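For reference, the structure is listed below as structure tokens.
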There are 4 protein chains.
Amino acid sequence: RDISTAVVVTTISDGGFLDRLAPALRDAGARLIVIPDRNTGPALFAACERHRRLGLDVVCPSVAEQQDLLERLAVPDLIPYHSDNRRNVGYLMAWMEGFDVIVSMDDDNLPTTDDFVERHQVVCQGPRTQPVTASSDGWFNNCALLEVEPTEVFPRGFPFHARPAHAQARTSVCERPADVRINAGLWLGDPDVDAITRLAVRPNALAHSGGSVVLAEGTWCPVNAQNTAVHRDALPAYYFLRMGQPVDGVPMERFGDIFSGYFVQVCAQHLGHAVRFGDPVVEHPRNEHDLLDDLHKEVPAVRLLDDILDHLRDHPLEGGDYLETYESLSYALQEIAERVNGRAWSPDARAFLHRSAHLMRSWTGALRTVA
Amino acid sequence: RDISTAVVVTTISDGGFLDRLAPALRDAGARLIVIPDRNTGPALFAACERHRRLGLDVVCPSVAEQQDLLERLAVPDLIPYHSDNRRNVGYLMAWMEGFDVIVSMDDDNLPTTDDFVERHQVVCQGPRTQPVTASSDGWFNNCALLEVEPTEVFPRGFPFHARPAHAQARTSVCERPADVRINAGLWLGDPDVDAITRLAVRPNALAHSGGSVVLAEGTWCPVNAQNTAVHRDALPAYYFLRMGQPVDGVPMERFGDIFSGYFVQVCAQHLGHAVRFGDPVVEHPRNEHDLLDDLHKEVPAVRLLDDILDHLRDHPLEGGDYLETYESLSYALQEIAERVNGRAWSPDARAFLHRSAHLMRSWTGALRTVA
Amino acid sequence: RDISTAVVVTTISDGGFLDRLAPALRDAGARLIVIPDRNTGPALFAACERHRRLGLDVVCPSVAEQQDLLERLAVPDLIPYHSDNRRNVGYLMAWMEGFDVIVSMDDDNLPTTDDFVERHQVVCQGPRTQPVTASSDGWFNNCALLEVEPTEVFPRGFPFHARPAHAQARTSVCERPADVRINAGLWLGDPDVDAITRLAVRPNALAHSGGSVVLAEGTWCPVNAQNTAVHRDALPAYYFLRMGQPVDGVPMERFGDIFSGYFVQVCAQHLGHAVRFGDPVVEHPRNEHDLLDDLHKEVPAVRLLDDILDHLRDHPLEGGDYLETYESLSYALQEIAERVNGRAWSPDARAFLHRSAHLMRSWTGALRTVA
Amino acid sequence: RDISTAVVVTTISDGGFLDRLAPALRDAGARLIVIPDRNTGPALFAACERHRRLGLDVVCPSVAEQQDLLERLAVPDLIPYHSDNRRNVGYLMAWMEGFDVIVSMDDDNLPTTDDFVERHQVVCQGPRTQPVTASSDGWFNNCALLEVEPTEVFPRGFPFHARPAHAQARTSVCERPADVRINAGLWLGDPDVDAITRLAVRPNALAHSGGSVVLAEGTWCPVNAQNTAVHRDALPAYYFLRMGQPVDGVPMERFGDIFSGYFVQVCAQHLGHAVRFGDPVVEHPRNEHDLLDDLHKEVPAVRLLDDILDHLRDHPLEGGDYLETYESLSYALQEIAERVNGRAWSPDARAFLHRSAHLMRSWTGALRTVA
Ligand SMILES: C[C@H](O)[C@H]1O[C@@H](OP(=O)(O)OP(=O)(O)OC[C@H]2O[C@@H](n3cnc4c(O)nc(N)nc43)[C@H](O)[C@@H]2O)[C@@H](O)[C@@H]1O
Ligand SMILES: C[C@H](O)[C@H]1O[C@@H](OP(=O)(O)OP(=O)(O)OC[C@H]2O[C@@H](n3cnc4c(O)nc(N)nc43)[C@H](O)[C@@H]2O)[C@@H](O)[C@@H]1O
Ligand SMILES: C[C@H](O)[C@H]1O[C@@H](OP(=O)(O)OP(=O)(O)OC[C@H]2O[C@@H](n3cnc4c(O)nc(N)nc43)[C@H](O)[C@@H]2O)[C@@H](O)[C@@H]1O
Ligand SMILES: C[C@H](O)[C@H]1O[C@@H](OP(=O)(O)OP(=O)(O)OC[C@H]2O[C@@H](n3cnc4c(O)nc(N)nc43)[C@H](O)[C@@H]2O)[C@@H](O)[C@@H]1O
Ligand SMILES: [Mn+2]
Ligand SMILES: [Mn+2]
Ligand SMILES: [Mn+2]
Ligand SMILES: [Mn+2]
């Protein structure tokens, strides 16, 4: 096979996460692209070079190197600073260097097994008749594959209007051709849930008991960027959306990967591809957060997500590859921004979709400049 | 004994709730003060007169009669229209007419037993040595007295910072002198939880299993206005706070009774009185709500509640009765508004406490004008 | 020549303005397209038919007729209600019916001479070597053509950063080929100034003493929609921009024709056309306004206009006709929204340009559907 | 006589203004209380010590010395940092040290005559029968005492609703008993006008031609804090109001001295005192400002000022001295905050008056703690 893999992690820490992330990466020969920011301490570069001597192929381009690359591609204002949106630099760098698998992670997700990179290489097996998982309501709850206490939880970015009626949905498995291009790995410890769920029950993922599934055409599930492998063909559709836009005077945040996880998923199924959920599982000792502040950031995005996901099912896309499909998706978001109705859809909330669509085309324009 | 009781309910519905609320009220001789609003149809007045023929002492003063009463008391702008804040008119009316017990309810809380009013008369038994419930953390979860599925929940208004450590709290019962003046009855069906909790687990209260408790000095718990009896002495401290103040440009709502429940509870303990939780239990088939809109309304108040409750334990109050104690409480809130620190304490968030304090004195000034 | 002219006026009044607007329109045979709204009284239709008997060709399509037309062109959500933006319906109707001249007016601008329509027909003379007016600073003050007391004033939409240094600018006249396609007529009484000027000196236009000018390439001046004739070729670029977008949490208003006046002007000079200022002059007994409310509406737009106009001089446009040039302008506004910097350029302020650009393409798409 | 005078100036500059401010201050023996801030460089302290060697009684207490003084008076959170509100420290310091005259100035107002302090000592002559200036509309335009080009202007803080009808007002002078306690000196160069006026005509004060006047009972005029002498008895009523309160989500600024100028003027007339306008005249080479940013800061306060000034004529005050009158004024503002009606009076706009009133009593509570 001879598959190449690059791990993308943006961080502002000192680099102590390398002591638990490097072993699983250097044993597989994968590259770790660390994306620092302006407010990143100089201890990260010393930690990257400390693990560079141990055999880990890790790079840490300074903010000057990142800006010189983005300026050559006519996108100097696309990716802002003091934000985790800079992981798009790692997405771009890994895509230019010809890596087969781009693994998006955070500085607090730690692989639990030695075959972490090997399990993420499932996005390179190509098409094959395989068992696919379908749901009668068109949604799949990936947290059902985990043992979560005290009660059952839904993942972050899961539509709320479909949660009460999801328990009585019919889940079936059929032998169908599928082409896995996105593999969202599960997480133990603190699972990826929204601030509403974490403030209510404080979930704790005990074990992985559900195995792995491949969702069929029409069944969706939110995909995050903390333990997700994306094939290089689907990478153009995996642009981490820019946050900070006010909805009803409240700037949204924490949903950059919620849109990207859904955008690359809608684009994949249009091109005959599928999304996988399950292994490899990582430990998630989540960074210390103000949970009420996470709620303050997530509310502006939650009030709009359910309407966005519903209109995406009514808008058939066009395109032959992920570049054409993603740009067709951006124009579809602009038509949705004017057809959708509701109390939360103020003029600035509709404008959020229009500016995001322009930033999506600015992202694809930079990739076409490289190729 | 010969105890009098008046039930206060404000509503914009057609009055169909009277069919299930009247039987327990007319059999006890209690008065039902229905407070309509400008957005209330003429079906409520026809429903009040229909049950008045059957023997229910129900009154429904028109908005013209309400405004004439408030204008004669030099408070024409205290209580706004198109808001459930108009229940303060019922609090005022029941207090002017000399009722011993004022029961605050909503148009969807329906009693389950014939002795609903009799159980609410516990706020007129006077002081007596009785078992009181104390907690090491100073908080009591009244929802623990209920059988809630699928998991344990906290009531609306419970501080979030004290929820994780509450499982390790020590609950003790001792024979201490206490005087019950507020009786917060429990609710079956849809329990009184915040939008964060209802959006995450959709709680369902199955039965009342914990009995009744009387909190000791230093143990607090939120008290709503949907099934709560208040002695006429503690009625001046039960002013339903006016909502609509913006916090970071977001107007707060749904927490008018959260502050009143805590304010009358802080004033009661300063005067040697206590709060009771438990019976009578009512059925709560809650009206249809947009839960994402309930969340958008409650988040501004949730960001500030934990800090307000913490600083209220630092301010010992003054006063001999509830009128003087509540006014002393308003001045203490204005000192807290400038001492408190935090990200959510913008200039408009601090100004919310100053304007609320003025409305609290404008309220007590109206009661003093009556007496 | 045999030139056709249609006057477009949107109003919510009773139609009393027809008693002073009809004589100058029926004597020239021009058509008056009145655009009512949902909040327009039924007295307007009775006034349109009252003047229809006197010979005035006046039409007043109901909101049902307007929505049926906009729905056939796949633009049902483009033009909102309860807004003067509905004048775009008259722009569209006059453009479909093949009128040579489209005159945009308001219900308070009254022609002072009998040859009002004849003077507005100057946008049909075609190219000819004529004296053109150029300025060293690239700006022209059309109010200098009027006698204004107590002091000199600038028109609404004039950039503030160029006002102090405009007095020492060199104004020259040269014999140059020009093709007049937009003719902005002057106004007596209350001149078209921003709320800042009207609150400061309360201008009063006494007489028209400067005559008429035709601005050369590179010299700009704001063009309003209250007394402006536009040739049918330039009509696609005269889309009245949609207002109501919050900038720093403040919705902008009163600048819909400021952008359209500048957009059709930038598009005209790219295609070798020019803008004329001067006759015909109209009386402007302005409707009663809250001047502090006008300031509250205009401030969000004023804070951004100077930066927008500067970047438009740095962005060369493309296109062979007004449809291609206007759409190229919309994409230029999206590039400006990301390159511009400043304190007033918040994420929602930049999003204002992105949503406006989409509405500009939705406007051109509806015109291409007709043709 | 033997009158003492202390000049209060807060600044973040390097101290170069002392070269033109010291000569008139050191020749009169007056004290200069310079109030630095956290964003003040070390060049100011070196400039204060440089002029202290030349005989200027100038003091510059560090932010640590200021905070220790405010903490000992139980007001550590009253005066914020990074704001010109810190001049209240100078007001407090000059009042504690027993100075008869407190002159409030800015770091860009420079005296033009040698008797600058001597002319400001008019607030210590006591009551005497003197010619007083009265107006039929109750307003006086102090800018009419100046020679302003290109047109007549109104001072910053003048109500806009009274500006048109002010030209028909009757100005009379009568010999009436008056007691001058506030002396608002005039300014040449850049006059103290609002951003609306400066953005429209760019006024330039050429000379002082109107002399000096003493307004009668019922005639008001805004009084700034850049060239104003205040007797030590009226100093408690001269609290510089704290800015930053949002009105419709827009924080107000630049009007801290507008309220203080009116508040000390309303309190003075209740106690039988008057306000004087005219000499001494200073040069005002105003610091560089973004006028569009000055407008964005002043609009929120302008929308409310006319209504506040109107209701202040409906509330007669109580109190024997300025401490009691200013506190009575704070309670009257809270009654106005609920009586006033208008589009601009959102819940946060009314709450601005309630929080400001609490800060006014927190101010006077600090003065009472000293005395
Ligand atoms: C932001 C959202 O919250 C997202 O967090 C995700 O997981 P999360 O909620 O668990 O947060 P967490 O894993 O702790 O950090 C997430 C990673 O962003 C990095 N980071 C933080 N501040 C940064 C800054 O200024 N610059 C740069 N360049 N990077 C920064 C940190 O180093 C972490 O590696 C999703 O939920 C959601 O899309
Ligand atoms: C609103 C908050 O949310 C409060 O609700 C409580 O319970 P709740 O969350 O279950 O809502 P609910 O019981 O349905 O209505 C509560 C009652 O207010 C009445 N009402 C509704 N709109 C009204 C209007 O315009 N005018 C007047 N005069 N009254 C109105 C309804 O008729 C109900 O009787 C607490 O949570 C919280 O303090
Ligand atoms: C709005 C800005 O203010 C614009 O006014 C212009 O002139 P202006 O400032 O002098 O205002 P004015 O001439 O009085 O009215 C302007 C005309 O809009 C009509 N109108 C008003 N409310 C309406 C509504 O809800 N629906 C519909 N369909 N039409 C409405 C009125 O009937 C007038 O005919 C420019 O300044 C600026 O672009
Ligand atoms: C601000 C308003 O606008 C006020 O200006 C007045 O006059 P003005 O409009 O002409 O401004 P200006 O005279 O330049 O500065 C006024 C003085 O505040 C000082 N200053 C500036 N930033 C400061 C900061 O962070 N901390 C501290 N401690 N001080 C600061 C400067 O050094 C000047 O001495 C009134 O209009 C209005 O009440
Ligand atoms: Mn994490
Ligand atoms: Mn309810
Ligand atoms: Mn007009
Ligand atoms: Mn100044």
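Naming works like this for the structure tokens: A, B, ... for the chains as they're shown, residue 1 at the start of each chain, ligands 1 onward in shown order.
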I need the chain D residues near chain B as a ChimeraX atom specification; criterion: at most 7 Å, counting only C-alpha atoms.
/D:77,244-246,249,338,347-348,351-352,354-355
What residues have any atom no more than 8 Å from ligand 4 when counting only C-alpha atoms and all ligand atoms, and can you list them as a PyMOL selection string?
chain D and resi 9-13+35-40+81-87+105-109+156+192+194+224-226+253-258+286-289+294
Residues near residue 233 of chain D, cut-off 12 Å, only C-alpha atoms, skip fewer than 2 positions along chain, as a ChimeraX atom specification:
/D:91,94-96,98-102,123-124,126,180-182,229-231,235-238,264,267-268,271,273,320-326,367
Env of residue 266 of chain A: 10 Å cut, atoms = only C-alpha atoms, seq-sep filter 3 positions within chain, self excluded. Answer as a CSV table (one decimal) with C-alpha atoms, in the first residue's frame.
chain,number,residue,atom,x,y,z
A,217,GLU,CA,-26.4,7.6,1.8
A,218,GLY,CA,-28.9,9.9,3.7
A,220,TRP,CA,-25.7,11.9,8.8
A,237,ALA,CA,-14.0,20.2,1.5
A,260,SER,CA,-16.6,21.5,8.3
A,261,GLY,CA,-17.7,18.0,9.6
A,262,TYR,CA,-21.1,18.4,7.9
A,263,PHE,CA,-19.8,20.2,4.8
A,269,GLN,CA,-22.1,11.6,-0.3
A,270,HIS,CA,-22.7,13.6,-3.4
A,271,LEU,CA,-19.5,12.1,-4.9
A,273,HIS,CA,-18.2,8.5,-0.7
A,274,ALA,CA,-19.1,7.7,2.9
A,275,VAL,CA,-18.0,8.5,6.5
A,309,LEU,CA,-29.1,21.0,8.2
A,312,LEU,CA,-29.1,21.1,3.0
A,313,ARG,CA,-31.2,18.0,2.5
A,316,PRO,CA,-28.9,18.9,-4.4
A,317,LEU,CA,-25.2,19.7,-5.1
A,325,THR,CA,-18.7,20.2,-5.0
A,326,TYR,CA,-17.5,22.5,-2.1
A,329,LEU,CA,-22.1,24.0,-1.5
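The two atoms in question, atom CA of residue 158 of chain A and atom CA of residue 221 of chain A, are spaced 6.9 Å apart.
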Quick one, how far is atom CA of residue 80 of chain C from atom CA of residue 120 of chain C?
29.1 Å
